[PDB]
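Notes to accompany the following structure.
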Ligand SMILES: [Cu+2]
């Protein structure tokens, strides 16, 4: 069901290698966001997306299992090394959202949804 990726090369080549290129416009009101869930943080940080846009999160791990839950939303997904977790969401409220990892409570990320 989930797309496969080589976890040993995910940080050197491909769409998760450069966090400055994590946000790719794939349509007029559509963005794909390549998120790396690693020990112990998120890449990019912060994730910046416009409000009302369809976001396609493509999340993967180069090490161990991580969680990807965006507080105040129903986004609650497991992130496995070598597998791509896909989350589709449209943020209707601008502001800052916290990304939470259940196994690592010291691991935090930020999403900024712009007006
Ligand atoms: Cu974690």
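In the entry's author numbering, the protein residues as written are 49 to 163.
Virtual Cβ for every residue (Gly too), placed ideally from N, Cα, C.
Between residue 107 and residue 154, the alpha-carbon positions lie close to 19 Å from each other. From the listed residues 156, 158, 161 and 132, the smallest Cα separation to residue 52 is found for 132. Residue 61 and residue 151 have their C-alpha atoms some 27 Å from each other.
DSSP links residue 105 through a beta bridge to 81 and 135. In the DSSP annotation of this structure, residue 57 is not part of any beta strand (DSSP E), being labelled neither H nor E.
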